[PDB]
Amino acid sequence: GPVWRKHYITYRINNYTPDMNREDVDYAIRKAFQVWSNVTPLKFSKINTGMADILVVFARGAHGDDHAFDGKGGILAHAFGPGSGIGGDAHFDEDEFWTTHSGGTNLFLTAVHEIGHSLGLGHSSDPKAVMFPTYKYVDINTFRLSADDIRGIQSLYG
Ligand SMILES: CC(C)C[C@@H](NS(=O)(=O)c1ccc(-c2ccccc2)cc1)C(=O)O
Ligand SMILES: [Ca+2]
Ligand SMILES: [Ca+2]
Ligand SMILES: [Ca+2]
Ligand SMILES: [Zn+2]
Ligand SMILES: [Zn+2]
C-alpha cells in the first residue's frame, strides 16, 4: 500500500471537539504523532493554515466522505491512507466523548491507531498491538508500541 515518500509531514487540526480542553486536544494529537516519529525517520509539524498532509477532523454522522459515523459507540474514528487530498486525513466521531483519561474514549490512544492508518499501516491480529482492529484502553502515561507495531511501521519506513 501507499506510504509517504517524504520525511517532513504536516498536520492541521481542522476543528476541536467541545468534549475536551483545547490545549489537551493539541497535546493528545501531538503525543500520538510522536509515538510514530519515535520509531521512524518521519518528522511531524502542526500548521494552522493552508493544506496539511494530515487533516484532523471532528465530525458526526454523514460528513462528506463515504465513511459515515454511527452515533455514540461502534465506530470511533477512521483515517485514509497516504496520498493526495483526503489521503492521510483522520476523522474522529463527535458522538463519542473524547478524554485525556480512562473515561469516555481516549483521544490519544485512538489517534495513535488512526495515525497508523494515515501512515499506511493495516491491522494486527495481536490483541496487544495498538493496530489491533478493536479499541482497548491502556494507561496512556505508560503507553508503549507493541513489538508487532514497531515491525509493521518499520516495514514501511526506515
Ligand atoms: C471505519 C472503521 C470501521 C475503521 C476504524 N474503526 S474503529 O473506530 O473501530 C477503531 C478505532 C480505534 C481502534 C484502536 C485499537 C487498538 C488500540 C487503540 C485504538 C480500533 C478500531 C479503524 O480501524 O480505525
Ligand atoms: Ca460512533
Ligand atoms: Ca490529506
Ligand atoms: Ca463528543
Ligand atoms: Zn470521515
Ligand atoms: Zn483500524
Side-chain angles (χ1 to χ4, degrees), residues 1-17 19-59 65 67 75-93 96 98-102 104-158:
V3 294
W4 296 104
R5 291 179 194 301
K6 66 194 174 176
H7 292 307
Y8 286 95
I9 311 285
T10 60
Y11 68 100
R12 187 170 164 175
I13 301 178
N14 181 63
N15 63 303
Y16 286 78
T17 174
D19 299 353
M20 288 167 70
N21 302 313
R22 302 276 192 281
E23 72 202 309
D24 290 344
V25 175
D26 278 355
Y27 190 62
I29 300 287
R30 179 174 165 95
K31 284 294 273 60
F33 281 105
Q34 292 176 348
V35 169
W36 298 114
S37 62
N38 287 341
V39 296
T40 62
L42 300 168
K43 289 301 277 200
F44 301 107
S45 306
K46 181 188 180 273
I47 63 167
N48 315 135
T49 200
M51 186 178 268
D53 298 311
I54 300 178
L55 187 60
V56 169
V57 178
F58 292 88
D65 59 28
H67 299 258
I75 302 299
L76 314 169
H78 71 98
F80 295 97
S84 57
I86 52 83
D89 291 356
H91 301 172
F92 295 80
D93 187 352
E96 308 314 321
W98 307 100
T99 81
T100 55
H101 56 257
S102 82
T105 311
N106 187 265
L107 177 65
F108 164 78
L109 285 184
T110 312
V112 174
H113 182 95
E114 290 311 326
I115 295 165
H117 288 316
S118 302
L119 300 180
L121 260 188
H123 281 151
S124 172
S125 59
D126 179 352
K128 301 191 189 239
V130 80
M131 297 313 302
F132 183 68
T134 305
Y135 174 93
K136 152 48 148 188
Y137 185 77
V138 276
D139 189 331
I140 65 157
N141 317 267
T142 58
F143 175 80
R144 291 199 52 173
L145 293 170
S146 72
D148 192 62
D149 294 307
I150 289 169
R151 79 164 140 287
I153 201 70
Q154 288 182 168
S155 78
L156 300 181
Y157 301 93

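Computed from heavy atoms alone, side chains included, the values below leave out hydrogens, waters and symmetry copies. Along the sequence shown, residues carry numbers from 1.
A ring-centre distance under 6.0 Å is found for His67 and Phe80. For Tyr157 and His7, the gap between ring centers reaches or exceeds 6.0 Å.
Looking at every heavy atom in both residues, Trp36 comes nearest to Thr40 through O-OG1, 2.8 Å. Across all non-hydrogen atoms, the minimal contact from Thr110 to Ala77 is CG2-CB, 3.7 Å. What you find for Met20 and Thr99 is that their closest heavy atoms are SD-N, 3.8 Å. Residues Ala90 and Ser118 share a closest heavy-atom pair of CB-OG, 4.0 Å. Between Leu42 and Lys6, the shortest heavy-atom contact is CD2-O, 3.5 Å. Across every non-hydrogen atom of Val57 and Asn15, the tightest pair is CA-OD1, 3.7 Å.
Side-chain atoms of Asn106 never come within 3.5 Å of backbone atoms of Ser102 as a donor-acceptor pair (strictly under, hydrogens ignored). Judged purely by atom type and a 3.5 angstrom limit, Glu114 uses its side chain to pair as donor or acceptor with the backbone of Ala79. For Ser37 (side chain) and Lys43 (main-chain N/O), no donor-acceptor pair under 3.5 Å exists by modelled atom type. In this structure, the side chain of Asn21 does not engage the main chain of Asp24 through any donor-acceptor pair within 3.5 Å. Using a distance-only test at 3.5 Å, with no hydrogens or angles considered, no donor-acceptor pair links the side chain of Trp98 to the main chain of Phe108. Looking only at distances, a side-chain donor or acceptor of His113 sits under 3.5 Å from a matching main-chain atom of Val130. No donor-acceptor pair under 3.5 Å is formed between the side chain of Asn14 and the backbone N or O of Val56. A donor-acceptor pair under 3.5 Å links the side-chain atoms of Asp89 to the main chain of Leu55, judged by distance alone. Checked by atom type and distance alone, the side chain of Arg12 never pairs as donor or acceptor with a backbone atom of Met51 at under 3.5 Å.
A 6.0 Å sphere centred on CZ of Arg30 holds no more than 12 heavy atoms belonging to other residues, nucleotides or ligands.
Note: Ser84 OG to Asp53 CG = 10.5 Å, rounded to the nearest 0.5 Å. Here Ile153 contributes atom CD1 and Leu145 contributes atom CG; the two are 8.5 Å apart, rounded to the nearest 0.5 Å. For the atom pair CZ of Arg144 and CG of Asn38, the computed distance is 10.0 Å after rounding to the nearest 0.5 Å. Between atom CG of residue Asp126 and atom CZ of residue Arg151 there is a gap of 7.5 Å, rounded to the nearest 0.5 Å. Taking CE from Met131 and CD1 from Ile115, the interatomic distance works out to 10.5 Å, rounded to the nearest 0.5 Å. Here the NZ atom belonging to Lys46 is positioned 14.0 Å from the CD1 atom belonging to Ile54, to the nearest 0.5 angstrom.
A side-chain donor from one of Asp148 and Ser124 sits under 3.5 Å from a side-chain acceptor of the other.
The closest side-chain heavy-atom distance from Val3 to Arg5 is below 4.5 Å. Put simply, the side chain of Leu76 does not reach to within 4.5 Å of the side chain of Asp93, judged on heavy atoms. Proximity of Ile29 to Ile13: side-chain heavy atoms (C-beta onward) are separated by under 4.5 Å at one or more points. Residues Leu107 and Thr100 have side chains not in contact (no heavy-atom distance under 4.5 Å, counting atoms from C-beta outward).
Under the 30°/60° scheme for interplanar angles, the aromatic rings of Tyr137 and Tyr135 are found to be tilted. Between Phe92 and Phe58, the ring-plane angle classifies as tilted under the 30° and 60° cut-offs.
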